[PDB]
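See structure below.
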Amino acid sequence: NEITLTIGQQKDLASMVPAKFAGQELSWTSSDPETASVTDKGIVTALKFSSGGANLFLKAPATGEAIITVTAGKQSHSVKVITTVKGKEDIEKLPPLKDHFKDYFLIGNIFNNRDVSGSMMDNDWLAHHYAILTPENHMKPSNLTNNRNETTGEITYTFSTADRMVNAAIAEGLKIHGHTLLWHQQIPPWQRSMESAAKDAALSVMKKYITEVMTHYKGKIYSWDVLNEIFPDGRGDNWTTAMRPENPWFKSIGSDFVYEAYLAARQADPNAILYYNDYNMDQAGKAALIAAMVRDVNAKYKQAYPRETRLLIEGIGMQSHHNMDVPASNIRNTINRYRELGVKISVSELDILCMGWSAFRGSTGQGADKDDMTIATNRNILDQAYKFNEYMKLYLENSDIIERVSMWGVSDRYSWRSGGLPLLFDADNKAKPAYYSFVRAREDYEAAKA
């Protein structure tokens with residue numbers, strides 16, 4: 001005669017109404033309305049737990065309980081509701097995330113070779129919930145090319161795994177965010193060696209790589225991150241000198257390569273929105289560097305092609321790999337900074353560690369399948385859920401310029417930072433409090449707008 005609900009979850013109790021209460025006037029109360037609240041129509045929401053939460057989530061998930069009572073006439077009936085940090089509802093049993101937010105922005109996520117069988121999607125939750133997918137791995141440079149011919153210049157591509165992934169997503173009506181053409185890591189040895197090349201040679205090779213990749217995928221890719229993570233930090237005063245020397249395009253061509261890259265890309269696939277993508281954009285220093293680069297390249301593009309409507313770098317993906325120490329105010333400041341650019345914005349890689357960066361680094365460190373080692377407490381998990389809600393409301397408030405909110409994974413188990421329980425779904429593909437809070441930001445936002 002009892003039910004268990006994840007905190008944030010709401011449940012219609014009408015089905016547990018006794019048969020002999022039919023046709024009557026129902027009245028609903030909770031013994032502990034702060035723990036679980038119930039509407040006059042009998043919808044109960046799990047709100048909080050009773051006790052733990054200094055306690056490790058993995059040892060002793062925190063709980064609470066309220067007795068909720070339906071009364072008709074002089075008779076009543078009671079159901080014990082158990083509230084819990086632990087996930088209950090299966091991902092596939094929830095209404096599409098993309099539908100809830102469709103009037104605001106695309107709801108994205110990532111996928112992998114694993115997710116496709118042949119040319120078709122091998123699980124239903126990806127298309128069910130998300131409108132756009134970023135390949136987590138298989139479009140990185142090292143996965144797209146394995147050689148360059150030294151005599152002819154011919155670049156050797158491996159497109160087939162990514163092609164299958166793209167074509168699978170498209171068949172289900174899903175868009176694709178391409179990721180990424182130019183990077184300082186996870187690149188083939190032939191690209192690393194470009195760090196030793198001449199400016200004029202490198203420029204032609206770089207332009208060629210970009211052109212050829214985008215031509216292969218022409219018309220199929222909603223947006224591309226042309227260039228990824230080019231600033232080491234926000235210390236630098238001057239973007240032209242601040243860029244990563246370990247990026248082989250930077251070292252060989254100098255700072256001009258940025259403008260030339262995006263220009264090659266635009267000529268290759270005009271259908272594609274061109275993005276620059278980076279993390280720690282909540283750090284105003286780094287964000288200053290980025291806004292400056294984007295301003296100068298787009299000014300250059302204007303000077304070069306004065307009749308052109310479009311921006312060259314059309315969007316700024318904020319990776320949004322956040323954690324307990326990241327304030328919404330810092331994010332909001334950065335968004336105000338990028339709003340001055342006229343660019344589109346994406347939350348490109350959103351996840352939130354249930355702790356501070358050091359605690360994550362000090363406990364599990366990075367990599368997947370580490371969720372069952374997390375030191376996160378029960379309070380941490382509710383704190384995470386509040387943060388998803390606070391960030392999302394901010395994105396909703398900026399949804400005129402934000403076209404996309406994508407998260408860097410589905411289940412915590414398969415998260416690149418799994419040790420930090422950073423996502424909406426748990427290791428069993430069940431909805432966390434964060435899922436509910438995530439969804440609820442729309443209800444909260446609109447409740448403020450009326």
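Simple scheme: letters A, B, ... for chains in structure tokens order, numbers from 1 for residues in each chain, numbers from 1 for ligands in the order shown.
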
In stretch 184-352 of chain A, DSSP strand (DSSP E or B) residues written as number ranges by chain: A: 223-228, 273-278, 315-318, 321-322, 344-352

Test item: residues at most 9 Å from residue A:286, only C-alpha atoms, excluding those fewer than 6 positions along its chain, as a VMD selection string: chain A and resid 231 to 236 279 to 280

For the residues in the current selection, export N, CA, C and O atoms as a PDB file, in the first residue's frame.
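This is the output file out-v9.pdb:
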ATOM      1  N   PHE A 231      42.404  28.242 -26.278  1.00  0.00           N
ATOM      2  CA  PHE A 231      43.031  29.009 -25.208  1.00  0.00           C
ATOM      3  C   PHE A 231      43.280  28.137 -23.989  1.00  0.00           C
ATOM      4  O   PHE A 231      42.356  27.502 -23.481  1.00  0.00           O
ATOM      5  N   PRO A 232      44.531  28.119 -23.500  1.00  0.00           N
ATOM      6  CA  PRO A 232      44.944  27.322 -22.337  1.00  0.00           C
ATOM      7  C   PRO A 232      44.328  27.809 -21.021  1.00  0.00           C
ATOM      8  O   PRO A 232      44.179  27.038 -20.064  1.00  0.00           O
ATOM      9  N   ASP A 233      43.933  29.062 -20.996  1.00  0.00           N
ATOM     10  CA  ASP A 233      43.489  29.685 -19.777  1.00  0.00           C
ATOM     11  C   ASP A 233      43.041  31.049 -20.151  1.00  0.00           C
ATOM     12  O   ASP A 233      42.917  31.354 -21.320  1.00  0.00           O
ATOM     13  N   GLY A 234      42.816  31.878 -19.150  1.00  0.00           N
ATOM     14  CA  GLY A 234      42.431  33.246 -19.397  1.00  0.00           C
ATOM     15  C   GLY A 234      43.483  34.241 -18.975  1.00  0.00           C
ATOM     16  O   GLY A 234      43.188  35.404 -18.798  1.00  0.00           O
ATOM     17  N   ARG A 235      44.715  33.788 -18.812  1.00  0.00           N
ATOM     18  CA  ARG A 235      45.761  34.695 -18.388  1.00  0.00           C
ATOM     19  C   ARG A 235      46.132  35.686 -19.460  1.00  0.00           C
ATOM     20  O   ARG A 235      46.346  36.848 -19.183  1.00  0.00           O
ATOM     21  N   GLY A 236      46.216  35.226 -20.688  1.00  0.00           N
ATOM     22  CA  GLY A 236      46.741  36.059 -21.757  1.00  0.00           C
ATOM     23  C   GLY A 236      46.013  37.385 -21.889  1.00  0.00           C
ATOM     24  O   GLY A 236      44.820  37.477 -21.595  1.00  0.00           O
ATOM     25  N   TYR A 279      35.808  25.262 -23.110  1.00  0.00           N
ATOM     26  CA  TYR A 279      35.342  25.144 -21.727  1.00  0.00           C
ATOM     27  C   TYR A 279      35.861  26.297 -20.849  1.00  0.00           C
ATOM     28  O   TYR A 279      36.708  27.098 -21.286  1.00  0.00           O
ATOM     29  N   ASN A 280      35.396  26.339 -19.597  1.00  0.00           N
ATOM     30  CA  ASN A 280      35.742  27.426 -18.669  1.00  0.00           C
ATOM     31  C   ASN A 280      35.452  28.832 -19.220  1.00  0.00           C
ATOM     32  O   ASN A 280      36.162  29.794 -18.911  1.00  0.00           O
TER      33      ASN A 280
END

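Going from atom CA of residue A:276 over to atom CA of residue A:261, you cover 11.0 Å.
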
All residues 10 Å or closer to residue A:257, only C-alpha atoms, same chain fewer than 3 positions away omitted, as a list in words: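 So, after excluding close chain neighbours, the residues are residues 199, 202, 203, 206, 207, 249, 250, 251, 252, 253, 254, 260, 261, 262 and 263 of chain A.
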
For residue A:216: contacts at 10 Å, only C-alpha atoms, fewer than 4 positions along chain excluded, given as a PyMOL selection string: chain A and resi 159+163+211-212+220+268-269

When you look at residue A:118 with a cut-off of 10 Å (counting only C-alpha atoms), what residues show up, excluding the ones that are within fewer than 4 positions of it in the same chain? I need them as an mmCIF file with N, CA and C atoms, in the first residue's frame.
data_model
loop_
_atom_site.group_PDB
_atom_site.id
_atom_site.type_symbol
_atom_site.label_atom_id
_atom_site.label_comp_id
_atom_site.auth_asym_id
_atom_site.auth_seq_id
_atom_site.Cartn_x
_atom_site.Cartn_y
_atom_site.Cartn_z
ATOM 1 N N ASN A 113 29.577 4.955 -31.626
ATOM 2 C CA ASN A 113 29.468 3.822 -32.536
ATOM 3 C C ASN A 113 28.550 2.769 -31.927
ATOM 4 N N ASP A 122 20.481 1.886 -32.346
ATOM 5 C CA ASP A 122 20.338 0.638 -31.596
ATOM 6 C C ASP A 122 19.727 0.810 -30.204
ATOM 7 N N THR A 161 32.806 4.757 -40.094
ATOM 8 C CA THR A 161 32.129 4.650 -38.795
ATOM 9 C C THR A 161 31.269 5.884 -38.562
ATOM 10 N N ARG A 164 28.027 5.980 -40.827
ATOM 11 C CA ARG A 164 26.969 5.116 -40.324
ATOM 12 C C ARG A 164 26.207 5.805 -39.206
ATOM 13 N N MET A 165 26.952 6.472 -38.324
ATOM 14 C CA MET A 165 26.385 7.230 -37.214
ATOM 15 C C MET A 165 25.515 8.402 -37.685
ATOM 16 N N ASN A 167 24.142 8.824 -40.693
ATOM 17 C CA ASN A 167 23.010 8.357 -41.471
ATOM 18 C C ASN A 167 21.935 7.731 -40.590
ATOM 19 N N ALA A 168 22.355 7.026 -39.544
ATOM 20 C CA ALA A 168 21.423 6.508 -38.542
ATOM 21 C C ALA A 168 20.616 7.607 -37.865
#

Selection: 7 Å around residue A:2, only C-alpha atoms, excl. self and same-chain fewer than 5 positions, as an mmCIF file with C-alpha atoms, in the first residue's frame:
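The result, stored in part-v3.cif:
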data_model
loop_
_atom_site.group_PDB
_atom_site.id
_atom_site.type_symbol
_atom_site.label_atom_id
_atom_site.label_comp_id
_atom_site.auth_asym_id
_atom_site.auth_seq_id
_atom_site.Cartn_x
_atom_site.Cartn_y
_atom_site.Cartn_z
ATOM 1 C CA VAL A 79 -0.842 5.685 1.405
ATOM 2 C CA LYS A 80 2.751 5.831 2.690
ATOM 3 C CA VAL A 81 4.973 7.760 0.256
#

Distance query residue A:255 at most 8 Å, only C-alpha atoms, self and fewer than 4 positions along chain excluded, as a PyMOL selection string: chain A and resi 240-241+243+250

Would you output that residue set with N, CA, C and O atoms, as a short mmCIF file (atom, residue, chain, number, x, y, z; two decimals), in the first residue's frame?
data_model
loop_
_atom_site.label_atom_id
_atom_site.label_comp_id
_atom_site.auth_asym_id
_atom_site.auth_seq_id
_atom_site.Cartn_x
_atom_site.Cartn_y
_atom_site.Cartn_z
N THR A 240 45.76 36.71 -30.21
CA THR A 240 46.75 36.29 -31.18
C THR A 240 47.99 35.64 -30.54
O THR A 240 48.61 34.80 -31.15
N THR A 241 48.33 36.01 -29.32
CA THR A 241 49.52 35.42 -28.72
C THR A 241 49.19 34.42 -27.64
O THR A 241 50.08 33.78 -27.11
N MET A 243 47.12 31.75 -27.75
CA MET A 243 46.63 30.44 -28.17
C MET A 243 47.57 29.28 -27.90
O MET A 243 48.76 29.48 -27.66
N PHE A 250 48.16 26.38 -35.02
CA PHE A 250 48.61 27.64 -34.43
C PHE A 250 50.11 27.81 -34.58
O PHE A 250 50.58 28.87 -34.98
#

Show me a table, sorted first by chain and then by increasing residue number, of the residues of stretch 303-401 of chain A having an atom at most 8 Å from stretch 55-62 of chain A, each with its shortest atom pair and the distance in Å to one decimal, counting only C-alpha atoms and written as a tab-separated table.
residue	atom	partner	partner_atom	distance
A:372	CA	A:58	CA	7.2
A:374	CA	A:58	CA	7.3
A:375	CA	A:56	CA	6.2
A:376	CA	A:56	CA	5.9
A:377	CA	A:56	CA	4.2
A:378	CA	A:57	CA	4.9

Atom CA of residue A:317 to atom CA of residue A:95, straight-line distance in Å: 26.5 Å

Can you write out as JSON lines which residues of stretch 334-428 of chain A fall within 12 Å of stretch 169-177 of chain A, alongside each residue's closest atom pair and its distance in Å to one decimal, counting only C-alpha atoms and ordering rows by chain and ascending residue number?
{"residue": "A:346", "atom": "CA", "partner": "A:177", "partner_atom": "CA", "distance": 10.8}
{"residue": "A:348", "atom": "CA", "partner": "A:177", "partner_atom": "CA", "distance": 9.2}
{"residue": "A:349", "atom": "CA", "partner": "A:177", "partner_atom": "CA", "distance": 11.3}
{"residue": "A:404", "atom": "CA", "partner": "A:177", "partner_atom": "CA", "distance": 10.2}
{"residue": "A:405", "atom": "CA", "partner": "A:177", "partner_atom": "CA", "distance": 11.6}
{"residue": "A:406", "atom": "CA", "partner": "A:177", "partner_atom": "CA", "distance": 9.8}

Could you turn the residues from that selection into a file that holds N, CA, C and O atoms, as a PDB file, in the first residue's frame?
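And here is the file that came out, result_30.pdb:
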ATOM      1  N   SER A 346      25.380  28.169 -27.828  1.00  0.00           N
ATOM      2  CA  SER A 346      24.999  26.826 -27.461  1.00  0.00           C
ATOM      3  C   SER A 346      25.578  26.469 -26.115  1.00  0.00           C
ATOM      4  O   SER A 346      26.686  26.841 -25.803  1.00  0.00           O
ATOM      5  N   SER A 348      26.951  23.399 -25.097  1.00  0.00           N
ATOM      6  CA  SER A 348      27.367  22.352 -26.026  1.00  0.00           C
ATOM      7  C   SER A 348      27.665  21.026 -25.336  1.00  0.00           C
ATOM      8  O   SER A 348      27.390  19.993 -25.877  1.00  0.00           O
ATOM      9  N   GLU A 349      28.170  21.083 -24.112  1.00  0.00           N
ATOM     10  CA  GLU A 349      28.636  19.881 -23.442  1.00  0.00           C
ATOM     11  C   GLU A 349      28.217  19.762 -21.969  1.00  0.00           C
ATOM     12  O   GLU A 349      28.909  19.177 -21.180  1.00  0.00           O
ATOM     13  N   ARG A 404      20.704  25.996 -28.734  1.00  0.00           N
ATOM     14  CA  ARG A 404      20.959  24.609 -28.328  1.00  0.00           C
ATOM     15  C   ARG A 404      21.470  24.415 -26.885  1.00  0.00           C
ATOM     16  O   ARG A 404      22.404  25.105 -26.439  1.00  0.00           O
ATOM     17  N   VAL A 405      20.860  23.473 -26.161  1.00  0.00           N
ATOM     18  CA  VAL A 405      21.421  22.992 -24.897  1.00  0.00           C
ATOM     19  C   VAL A 405      21.626  21.497 -25.044  1.00  0.00           C
ATOM     20  O   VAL A 405      20.654  20.722 -25.083  1.00  0.00           O
ATOM     21  N   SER A 406      22.886  21.092 -25.139  1.00  0.00           N
ATOM     22  CA  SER A 406      23.236  19.676 -25.259  1.00  0.00           C
ATOM     23  C   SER A 406      23.995  19.250 -24.039  1.00  0.00           C
ATOM     24  O   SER A 406      24.841  19.985 -23.556  1.00  0.00           O
TER      25      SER A 406
END

In stretch 196-348 of chain A, DSSP alpha helix (DSSP H) residues written as number ranges by chain: A: 199-216, 239-242, 248-253, 257-268, 284-304, 328-339

Write out the residues from the selection above, keeping C-alpha atoms, as a JSON list (two decimals), in the first residue's frame.
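See out_26.json below for the written result:
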[["chain", "number", "residue", "atom", "x", "y", "z"],
["A", 199, "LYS", "CA", 52.95, 28.77, -42.99],
["A", 200, "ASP", "CA", 51.99, 28.62, -46.67],
["A", 201, "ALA", "CA", 52.14, 24.82, -46.88],
["A", 202, "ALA", "CA", 50.22, 24.32, -43.60],
["A", 203, "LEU", "CA", 47.52, 26.75, -44.71],
["A", 204, "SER", "CA", 46.82, 24.72, -47.83],
["A", 205, "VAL", "CA", 46.84, 21.41, -45.93],
["A", 206, "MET", "CA", 44.54, 22.77, -43.19],
["A", 207, "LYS", "CA", 42.15, 24.28, -45.76],
["A", 208, "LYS", "CA", 42.19, 20.97, -47.62],
["A", 209, "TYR", "CA", 41.38, 18.86, -44.54],
["A", 210, "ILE", "CA", 38.49, 21.13, -43.62],
["A", 211, "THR", "CA", 37.09, 21.26, -47.13],
["A", 212, "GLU", "CA", 37.29, 17.52, -47.68],
["A", 213, "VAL", "CA", 35.72, 16.49, -44.36],
["A", 214, "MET", "CA", 32.85, 18.97, -44.68],
["A", 215, "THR", "CA", 32.29, 18.09, -48.31],
["A", 216, "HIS", "CA", 31.90, 14.42, -47.36],
["A", 239, "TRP", "CA", 44.34, 36.42, -28.26],
["A", 240, "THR", "CA", 46.75, 36.29, -31.18],
["A", 241, "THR", "CA", 49.52, 35.42, -28.72],
["A", 242, "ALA", "CA", 47.50, 33.55, -26.15],
["A", 248, "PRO", "CA", 49.77, 22.32, -34.71],
["A", 249, "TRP", "CA", 47.80, 24.79, -36.82],
["A", 250, "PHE", "CA", 48.61, 27.64, -34.43],
["A", 251, "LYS", "CA", 52.32, 26.85, -34.23],
["A", 252, "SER", "CA", 52.81, 26.59, -37.95],
["A", 253, "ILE", "CA", 50.50, 29.28, -39.39],
["A", 257, "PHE", "CA", 44.78, 30.21, -39.26],
["A", 258, "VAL", "CA", 41.55, 30.89, -37.32],
["A", 259, "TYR", "CA", 40.09, 33.24, -39.95],
["A", 260, "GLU", "CA", 41.26, 31.00, -42.78],
["A", 261, "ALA", "CA", 39.77, 27.85, -41.19],
["A", 262, "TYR", "CA", 36.28, 29.24, -40.82],
["A", 263, "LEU", "CA", 36.48, 30.72, -44.30],
["A", 264, "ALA", "CA", 37.40, 27.37, -45.84],
["A", 265, "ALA", "CA", 34.52, 25.79, -43.92],
["A", 266, "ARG", "CA", 31.93, 28.34, -45.08],
["A", 267, "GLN", "CA", 32.96, 27.75, -48.68],
["A", 268, "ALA", "CA", 32.78, 23.98, -48.21],
["A", 284, "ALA", "CA", 35.65, 36.01, -17.47],
["A", 285, "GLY", "CA", 39.33, 36.14, -18.44],
["A", 286, "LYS", "CA", 39.05, 33.21, -20.84],
["A", 287, "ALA", "CA", 35.74, 34.59, -22.08],
["A", 288, "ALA", "CA", 37.42, 37.93, -22.79],
["A", 289, "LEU", "CA", 40.03, 36.20, -24.91],
["A", 290, "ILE", "CA", 37.32, 34.31, -26.84],
["A", 291, "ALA", "CA", 35.11, 37.36, -27.48],
["A", 292, "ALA", "CA", 38.15, 39.24, -28.76],
["A", 293, "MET", "CA", 39.17, 36.49, -31.18],
["A", 294, "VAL", "CA", 35.60, 36.17, -32.43],
["A", 295, "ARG", "CA", 35.32, 39.95, -32.77],
["A", 296, "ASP", "CA", 38.54, 40.35, -34.77],
["A", 297, "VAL", "CA", 38.00, 37.35, -37.06],
["A", 298, "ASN", "CA", 34.49, 38.49, -37.81],
["A", 299, "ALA", "CA", 35.71, 42.02, -38.42],
["A", 300, "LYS", "CA", 38.33, 40.63, -40.78],
["A", 301, "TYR", "CA", 35.63, 38.61, -42.53],
["A", 302, "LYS", "CA", 33.61, 41.79, -42.87],
["A", 303, "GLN", "CA", 36.57, 43.70, -44.32],
["A", 304, "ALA", "CA", 37.15, 40.84, -46.76],
["A", 328, "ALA", "CA", 25.11, 31.14, -12.49],
["A", 329, "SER", "CA", 26.16, 34.80, -12.27],
["A", 330, "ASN", "CA", 29.52, 34.11, -13.93],
["A", 331, "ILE", "CA", 27.79, 32.21, -16.74],
["A", 332, "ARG", "CA", 25.29, 35.08, -17.10],
["A", 333, "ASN", "CA", 28.09, 37.64, -17.34],
["A", 334, "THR", "CA", 29.78, 35.61, -20.11],
["A", 335, "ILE", "CA", 26.47, 35.34, -21.98],
["A", 336, "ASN", "CA", 26.13, 39.13, -21.74],
["A", 337, "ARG", "CA", 29.63, 39.38, -23.15],
["A", 338, "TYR", "CA", 28.81, 37.13, -26.12],
["A", 339, "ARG", "CA", 25.45, 38.85, -26.67]]

Two-atom distance - atom CA of residue A:382, atom CA of residue A:324 (Å):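 Spanning atom CA of residue A:382 to atom CA of residue A:324 is a straight-line distance of 11.3 Å.
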
Among the residues A:447, A:194, A:132, A:221, the one that comes closest to residue A:245 [using only C-alpha atoms]: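 Among A:447, A:194, A:132, A:221, it is A:194 that comes nearest to residue A:245.
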
Which of A:197, A:107, A:355, A:144 sits closest to residue A:438 [using only C-alpha atoms]: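 Closest to residue A:438, using only C-alpha atoms: A:107.
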